[PDB]
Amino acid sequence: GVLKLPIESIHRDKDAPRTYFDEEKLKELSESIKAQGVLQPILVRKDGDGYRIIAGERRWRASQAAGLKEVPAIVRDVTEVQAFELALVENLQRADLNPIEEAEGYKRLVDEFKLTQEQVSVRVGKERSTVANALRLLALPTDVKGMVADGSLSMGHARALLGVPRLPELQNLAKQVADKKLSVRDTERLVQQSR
């Protein structure tokens, strides 16, 4: 079952599959926990006199940084090998929102739920500039946004194409760009050449 465990009763798996912990992203996670709490319980197993993390070390670290004293958890009675299988599955079996889906999510918070970009930043735990730049993508033509969504155009390519004044030109330059895997720098030059 999902119970609240004292944060100090939980310790990390020194053999966790993640070895790099990005500081900035851990801070984004902690800000989201200040706003929303921990949405998904961490997985632990009894270990020593407390619990060893199976999956959820970032949540545990970020909860500490947010000043929480307890964390939602599920206690699993599993072997070492199955605990490691679970650690891998938890991280590997996921699909992120694409950039347009993310942007449209912020847009709904702004339009339907009447939040400012700053308020969105606080509720979701993202830098306001991340929210602002995501929303700017939605001004792209439908076909261009589709290319950002399926990854054929990076957010950097899309940002450069936002400079084109004419929507037909934008569409024309985007076709040339993504077709040739043309570089962001070369895309910026093309936009200049167009205007």
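From 1 onward, residues are counted along the sequence shown.
Once the C-alpha B-factors are averaged per stretch, 11-19 and 168-176 rank with 168-176 first.
Just going by the entry, 55-63 versus 157-165 on mean CA temperature factor gives the higher value to 157-165. The residue among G151, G37, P41, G50 whose C-alpha carries the highest B-factor in the deposited model is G151. Per-chain ranking of the deposited C-alpha B factor places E127 in the middle third. In this PDB entry, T142 carries a Cα temperature factor that places it within the highest third of its chain's modelled residues.
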